[PDB]
Amino acid sequence: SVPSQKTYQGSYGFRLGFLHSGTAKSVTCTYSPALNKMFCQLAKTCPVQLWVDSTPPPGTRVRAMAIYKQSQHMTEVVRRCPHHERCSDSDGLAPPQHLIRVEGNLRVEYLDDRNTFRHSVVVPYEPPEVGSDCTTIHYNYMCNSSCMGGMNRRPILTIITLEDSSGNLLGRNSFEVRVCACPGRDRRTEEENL
Ligand SMILES: [Zn+2]
């Protein structure tokens, strides 16, 4: 089937935020508010912020999953291409087929859905620090959008879900993603078409 991608702030006022990085040649990750699209480099740190109005109960978890944006590819599971799947970039935690990984969190958990076969990565939800207003999760995309045999130029969306310790849905948000070599340039160019 196909995972829901409907925005749902829920009772905790769950929202996503991103760094305002700009489009200079040096940027490794930059978000476009106009396109609700993230442009980032392969395996590089991609900061995604979790903003809430109320602190979720203990045991709450955060899940990330990718799905193809185009309706004619939506049913196809998003996974790494043969090359990167076989490439030796393993961190010892993430399965080799998974596109999305989380770095700097030893409590990260990966899942191959037994029924839908969709891949996803989840971490415990942690309240914002003192003086801090949001929680930051560092994601890494282990395949380029252009990868032959993988996404193969097909656009993807990343769906972030907030769930309780039992898996019940608490909140949902999403954004488009493009993994490329020059995020800044690519973002600036796609926004010109506006
Ligand atoms: Zn690849």
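Order of appearance sets the numbers: ligands from 1, and atoms from 1 within every ligand. We number each residue from 1, following the sequence as shown. FYI, side chains are in, hydrogens and waters are out, and symmetry mates aren't considered; it's all heavy atoms of this structure.
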inquiry  = Regarding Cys143, does it place an N, O or S atom less than 2.8 Å from the Zn ion (ligand 1)?
reply    =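 Here the distance criterion (N, O or S atom, under 2.8 Å) is met by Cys143, so yes.
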inquiry  = Any N/O/S atom, side chain or main chain, of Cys147 closer to the Zn ion (ligand 1) than 2.8 Å?
reply    =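 Of the N, O and S atoms in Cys147, at least one lies under 2.8 Å from the Zn ion (ligand 1), which means yes.
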task = Quick one: sort the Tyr68 and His73 rings into parallel, tilted or perpendicular, breaks at 30° and 60°.
result =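 Rings of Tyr68 and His73: perpendicular, over 60°.
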key: Ring geometry between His119 and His98 (parallel below 30°, tilted from 30 to 60°, perpendicular above 60°)   =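 Plane angle under 30°, so parallel.
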message = Checking one value in my table: which N/O/S atom of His84 lies closest to the Zn ion (ligand 1)?
response =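 Nearest N/O/S atom of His84: ND1.
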ask   = side-chain hydrogen bond (donor to acceptor under 3.5 Å, both in side chains) with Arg154: which of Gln70, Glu76, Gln72?
value =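 When side-chain hydrogen bond (donor to acceptor under 3.5 Å, both in side chains) is applied between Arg154 and each of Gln70, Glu76, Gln72, only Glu76 qualifies.
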inquiry  = Looking only at side-chain N and O atoms, does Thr158 offer a donor or acceptor that is under 3.5 Å from a partner on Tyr141?
reply    =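 Yes, a side-chain donor-acceptor pair sits under 3.5 Å.
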